[PDB]
Trainee: 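Below is one structure. I have some questions about it.
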Protein chains: 4
Amino acid sequence: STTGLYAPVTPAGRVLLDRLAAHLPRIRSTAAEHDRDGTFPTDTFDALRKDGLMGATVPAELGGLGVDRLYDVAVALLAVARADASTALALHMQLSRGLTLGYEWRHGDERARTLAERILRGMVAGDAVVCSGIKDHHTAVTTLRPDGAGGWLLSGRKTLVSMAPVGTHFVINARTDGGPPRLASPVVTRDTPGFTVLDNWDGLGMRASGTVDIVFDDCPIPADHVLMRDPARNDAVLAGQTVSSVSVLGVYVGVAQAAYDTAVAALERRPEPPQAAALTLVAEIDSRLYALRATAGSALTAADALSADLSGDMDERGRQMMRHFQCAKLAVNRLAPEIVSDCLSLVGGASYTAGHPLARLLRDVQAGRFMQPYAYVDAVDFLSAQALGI
Amino acid sequence: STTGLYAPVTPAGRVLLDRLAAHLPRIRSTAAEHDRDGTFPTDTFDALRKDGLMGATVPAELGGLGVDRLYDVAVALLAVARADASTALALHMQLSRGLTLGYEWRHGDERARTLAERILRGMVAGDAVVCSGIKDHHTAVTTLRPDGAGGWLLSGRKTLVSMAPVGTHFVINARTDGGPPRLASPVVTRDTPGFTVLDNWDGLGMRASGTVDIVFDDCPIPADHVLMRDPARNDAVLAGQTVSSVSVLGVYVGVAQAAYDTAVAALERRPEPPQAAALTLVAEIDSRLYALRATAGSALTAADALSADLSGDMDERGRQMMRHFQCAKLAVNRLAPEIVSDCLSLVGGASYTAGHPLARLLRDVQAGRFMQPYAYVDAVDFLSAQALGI
Amino acid sequence: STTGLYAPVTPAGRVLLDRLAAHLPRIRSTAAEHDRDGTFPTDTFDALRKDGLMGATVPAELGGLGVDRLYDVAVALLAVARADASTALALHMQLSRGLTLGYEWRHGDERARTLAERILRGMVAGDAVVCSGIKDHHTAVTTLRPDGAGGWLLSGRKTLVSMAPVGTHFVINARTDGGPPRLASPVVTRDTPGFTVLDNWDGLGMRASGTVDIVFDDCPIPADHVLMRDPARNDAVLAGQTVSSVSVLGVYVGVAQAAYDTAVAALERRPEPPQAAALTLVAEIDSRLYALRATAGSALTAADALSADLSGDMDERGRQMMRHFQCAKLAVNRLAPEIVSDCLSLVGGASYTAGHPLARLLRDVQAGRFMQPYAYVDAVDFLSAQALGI
Amino acid sequence: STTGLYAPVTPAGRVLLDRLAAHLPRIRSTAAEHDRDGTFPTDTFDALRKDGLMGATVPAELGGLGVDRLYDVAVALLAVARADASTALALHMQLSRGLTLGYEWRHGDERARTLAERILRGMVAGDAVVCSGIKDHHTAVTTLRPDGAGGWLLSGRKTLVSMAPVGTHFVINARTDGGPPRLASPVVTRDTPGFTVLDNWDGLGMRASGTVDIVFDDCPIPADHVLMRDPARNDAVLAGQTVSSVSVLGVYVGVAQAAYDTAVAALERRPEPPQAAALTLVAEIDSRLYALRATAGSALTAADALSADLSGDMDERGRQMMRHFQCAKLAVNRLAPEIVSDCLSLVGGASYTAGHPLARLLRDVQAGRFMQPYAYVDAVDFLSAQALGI
Ligand SMILES: Cc1cn([C@H]2C[C@H](O)[C@@H](COP(=O)(O)OP(=O)(O)O)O2)c(=O)[nH]c1=O
Ligand SMILES: Cc1cn([C@H]2C[C@H](O)[C@@H](COP(=O)(O)OP(=O)(O)O)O2)c(=O)[nH]c1=O
Ligand SMILES: Cc1cn([C@H]2C[C@H](O)[C@@H](COP(=O)(O)OP(=O)(O)O)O2)c(=O)[nH]c1=O
Ligand SMILES: Cc1cn([C@H]2C[C@H](O)[C@@H](COP(=O)(O)OP(=O)(O)O)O2)c(=O)[nH]c1=O
């Protein structure tokens, strides 16, 4: 199978999915409690760490499983999400960081490569859990200031940092302010002075994903723990943002799958044969889920092809990767919640009590809409700009 | 204004809405806490009781405000629901019971009239809070058994009984089992032996509505506290079920209104002018909300006209009332959640944290789908049967 | 019945609908031929003229039937449209002109009143068939130029002028160019020199509606055949544009009704009982048609109420009338074509051959989308401007 | 590119698409006239015949181009459909017959192989144009009767036979009636006595596709021109029906593409920058078209994989092929017409006149809904049966 995210397409992808199977039963078992209490499943992550799955996307050269297709990462996230979407969303941050650090390792200058290499062997060993602090909190602009002696001091606050509760290393999007301002990616470790992880995530869904705020109060960062980016429009950069986020589409596809599976099981348990409207819903969902899978799957296949090809116009490459990502994302964010919603009509009133799985899937399935890049309102400006050559 | 539920159409309806205004600020203020904890707002109901609003739909002959249009009851529920939908849903059970007891009073035999009259002056006084126990729990069929001395013993369990926590009187749908079986409406009071109110409502939404189970363990009911119904298809009965439930459409209309109002306020608070997709969403919502209001409003106007006219074929009357109700209900249950959902796209990520009002409106707005009569799957069998003359 | 356009709400409205019934059978009978050939049904209009129905909306003071509610005009258009939508669309231009000329008659200065009065008794007599030339063709800006002796010369070209083939009088939106420019409504009669009616309408639907272009080549117009308007934003003018166009919503409602009626008749003719998907479609359509009727009906009731009340802020009055019109129009233009489309799924492949009635209804039902004011793209700018107080 | 039908995936597929390019300009040029008059473009087909493209899917062993992927056939149909959908729909019947005859040739008994081989070299040479007469007209059940001397006589009538006007050979689905009844595929040639091609296709769309009825009045068919099928449920047969029809999804995808391309060109031609609603429509269409392509493309890739694998349970193989086909078909038949419809909103009123390309695309895009297998109502019974293991 090379379509619909039905199966991994490479040998490493298969091993990844086989190894994950052992962990599914714990993931499913504790999901309801962590959602109710809003707490991160630290024990699931301890098991994945010692089992080496936290290094799944580290290059085999460095001792990792060598998963290097986005498509296979999404197939694994989908399987995890059918068990618990919060765990999948947190796992995606680790897996996709494996992929972009792997590219720094192979194409960065010596500073990037050395640093990337250290983190990547960390990930395999179980010692490095890598979170991404991307979006500034509204009270703050996260800035790096020279320390006077050749290093830096980082101040600010980032929001919505998933997996933060077990994070050991945090890649932070910041700008300088000591040249003219440049974008920089300092890496802060958890024991850096001035560094606090807050405990303030209270989600409608993704309740267990640890999607908290992190605060930097003059955190000393040494020069070789900073990847300087640039200044300045640069489309080629869209490619890294795609690699960073596109596989997360597997999460919302798995949520829709688990809703459908729940609804069908419910219908089969009944003495009465399904009513006319239930048969029609089932057929409509079956086809919508197919179109959901085919759309995520194809944009993932296309993204993997463009990702592997470095031989051309890098700006065109980044626009094309982002256009595949965004076209598919908008479709996913409309289809997945529609499917989940229609599933509640099949099960009926039992799905409206707080503990039923569908009631949680209805909350978790909404989270994709708000994840940048891009939320709906911004996606429409991006897409119409690209389509009309603005 | 005679359309869209924009304003009450009778003098008593206006008084009702004016008097409710005093209570809105407490209702809005405590909504978040009661949703979080899942607890019934007993203090709001204490205030409505002593203010006489719990008698709003009692005939003026008996000292009530004399609200007798469904349309005006829905206009009042809408205003309450913009403050808190759980409170509105519970209030609807009291108000619509005012209307069906008022019909028992004017058209019942002497047993019904006497009993109805006692309860109705109760409601005005603040002493009677009347809940409806309609749907059997799956473990039980609620049955009335003769006690050997001319009275009855009631056993069973009813589910989803809103307002039960403050209920003093419970109208219960039961069947006999001492003739051949008949449908009977015994009225049980809270201090009857064998009668328990459970504390088991844990909703995805409508969390504060007190929608709990109630249990009957050989509850002694005297003969004059039982309204015997019949055996046996009887379409005329559809009219009472319509009167009982149709005004609750105002609840879901108010939820959609409060979502839109929230979204618009959010857009106006921003320094930036809205993006192209936000302007288009606003226009689409504005028109969808209009169609939502016009559909609920017209079915309520039509229901009031048919309700008042007793001069014809009573079976045709009941089919027509139920057809207006069900056509409008299906539209309401698709339009209202769509509006609320689109509102989250306007506000963006802040609406996905557990405390934001939209996150609660998204949960509460789903409840209409599951309320009988009829849930989606059964509505489709009813409607296609009527349209095709089956 | 006061809702859903199910029945006229005034005695004159009832007479109008009763009198129209005689003409329905010819209208239905010739519809297919006129659609195929693209030709205007001149014989239907000859019959309506001599029967006096072309004066239905002329004040009884002047010998007309005195229909003065938009709601009743829409109920009559709906009945005509179930027979043929092109005939209804052309009839709407006559009927609504009855209403706006009736307002000129009662509130214009002596020039307007005298002219309005002459035309209105024309309409009753069968001698005046009044078309509206509103939109400039792209090659031309229709301008009135003083003739040097106290009258005017009209040049330009208007497009999409329905009913033009039998039109005797044409109210034309023009601007002066002899003060500073003003808007003017010259009335041109068919025998004016320089005046040509073209024969260039080739519609996907509304094929028989005579929606042709008309050309003015220095047409001499006397001063008392010109209603001068103003210069300059003026919201009060929205009220006349609403009166002019809002009742045409009945046309698209009748098209949806005739599609549903066709589909249901088709299902009842079959030996087999309907499949599960057909029962579900029937219920969905039944409810969508209800919401369609309730939305058009309520905006028509609201428009009639605001129309009759001249006692207040005239600018607020015009914004409110247009907002009711536009909210309802957007809903109508999405719901009506959806219903018609779903009807083809019920009938199946027979509805895809050129002669089946549904194939024509699918074409005619699209025309509302393109009629100003406002087409979809402009409606969204109007509605979001009003909702956000821009 | 291996997704979205953006490009053929094999060398023969590329040659096919390159060779077709020469013919596109005539196809586009004559489309409007053939739609207006309802006439088959015999000259386009004469050119494809002599150019050998009518043999594109004949095995290279027999002198054909050897196109053997459904995916590449759909990529070619899409390119043709952007020029004219009727021509594509007719071409699909020839191309897919290349594929199922190619399977008879390689896996049939000697009767099938010999006959298949003769026809297939015909197709390459330009001498054989192969139509499929599948669906019985309602007045007739098409039956083969033994002629008493070892051959057969064919009577009946088939409907909706596309390409019939230039057809030289007609594969007919029939049942015997001389054992117990069996299904048989007699092949009738155009000069057989008793064989008439009628001239009765009058479509809302696909007007030029020659989709006429054909009549058999005791047509003598020799025994070696009959492929006997079986009696009796047999799921394995679903695989041939899939191969026969699945590539036609490319037709409706090309129609949606040509609508979008038209709309975008229209927006770019305007002096004014697009309004807020137009930008939002453009982004929504861009994403819907992506999901349309990804869904058709993936079901075509999956169908090609299952088609090539003959090594397993043949009944499971046929259920899986048909399930991919039907899931995708239902999505295509909702997405493609929605896109085309939204395109008319972008262009506005010009798209409602009979000659504008969008007005034709709106008609042609509806045809997929009615093509078996399966039309919507039957697809829902098939899909819900498969999903619920009925
Ligand atoms: C350009 C490019 C970058 N990357 C990786 C290397 C960088 O670490 C990373 C940048 O990702 P991200 O942080 O999402 O981009 P930004 O810095 O714009 O927020 O992406 C790829 O994996 N592939 C690529 O083609
Ligand atoms: C027949 C009818 C009943 N009613 C009232 C009187 C009865 O108390 C009540 C029955 O309502 P309900 O309990 O909803 O009906 P059922 O007994 O079928 O569950 O409805 C009306 O208000 N109007 C009517 O026309
Ligand atoms: C202001 C107003 C005008 N009218 C009528 C009188 C004018 O003849 C007519 C103007 O309609 P119309 O031609 O649609 O407006 P415009 O001149 O802006 O195109 O509307 C009403 O019927 N009611 C009103 O309240
Ligand atoms: C079983 C099978 C048949 N075919 C071809 C061989 C037969 O000629 C043809 C039957 O197609 P079709 O006529 O669509 O099936 P039916 O006879 O049920 O109408 O399909 C394949 O191409 N692949 C297959 O796997």
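To find a chain, count down the sequence lines: A is the first, B the second, and so on, and within it residues start at 1.
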Trainee: Name the region of A/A299, side chain, backbone, both or neither, that has any atom closer than 4.5 Å to a heavy atom of chain D.
Mentor: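 Contact with chain D involves both backbone and side-chain atoms of A/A299.
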
Trainee: Looking at chain D, which one of A/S287, A/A278, A/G297 has the largest number of heavy-atom pairs inside 4.5 Å, strictly under?
Mentor: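 With the most close heavy-atom pairs to chain D, the winner is A/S287.
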
Trainee: Chain A contacts: which residues in residues 310-331 of chain D have a non-hydrogen atom closer than 4.5 Å to it?
Mentor: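 Within residues 310-331 of chain D, the residues that come under 4.5 Å of chain A (heavy atoms only) are D/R323, D/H324, D/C327, D/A328, D/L330, D/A331.
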
Trainee: Looking only at non-hydrogen atoms, find the nearest pair between A/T295 and D/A294 and report the distance.
Mentor: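 Here A/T295 and D/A294 meet closest at CA-CB, 3.7 Å.
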
Trainee: Are there residues of residues 66-79 of chain D whose heavy atoms fall under 4.5 Å of chain A's heavy atoms? If so, which?
Mentor: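 Within residues 66-79 of chain D, no residue comes under 4.5 Å from chain A.
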
Trainee: Measuring heavy-atom distances to chain A, does D/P273 have an atom under 4.5 Å in its side chain, in its backbone, in both, or in neither?
Mentor: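 Neither part, no heavy atoms under 4.5 Å.
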
Trainee: Quick one: of A/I390, A/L383, A/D286, A/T301, who has the most non-hydrogen atom pairs under 4.5 Å with chain D?
Mentor: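 Highest number of pairs under 4.5 Å: A/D286.
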
Trainee: Please list, chain by chain and in numerical order, all residues satisfying salt bridge (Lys or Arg N to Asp or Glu O under 4.0 Å) with A/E284, sequence neighbours excluded.
Mentor: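 Partners of A/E284 by the salt bridge (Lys or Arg N to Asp or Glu O under 4.0 Å) criterion, ordered by chain and then number, come out as A/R288, D/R334.
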
Trainee: Side chain, backbone, both or neither: which part of A/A305 has an atom under 4.5 Å from a heavy atom of chain D?
Mentor: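 Neither the backbone nor the side chain of A/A305 comes within 4.5 Å of chain D.
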
Trainee: Using a cut-off of under 4.5 Å for heavy-atom pairs, which of D/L279, D/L292, D/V282, D/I285 has the most such pairs with chain A?
Mentor: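 Between D/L279, D/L292, D/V282, D/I285, the count favours D/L279.
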
Trainee: Looking only at heavy atoms, which of residues 246-271 of chain D get nearer than 4.5 Å to chain A?
Mentor: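 Against chain A, the residues of residues 246-271 of chain D that fall inside the cut-off (heavy atoms, under 4.5 Å) are D/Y260, D/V264, D/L267, D/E268.
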
Trainee: Measure D/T2 against the heavy atoms of chain A and call it side chain, backbone, both or neither at under 4.5 Å.
Mentor: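 When you check distances to chain A, only side chain atoms of D/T2 fall under 4.5 Å.
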
Trainee: Quick one: which of D/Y6, D/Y376, D/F382 has the most heavy-atom pairs under 4.5 Å with chain A, could you say?
Mentor: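 If we count pairs closer than 4.5 Å to chain A, D/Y376 comes out on top.
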
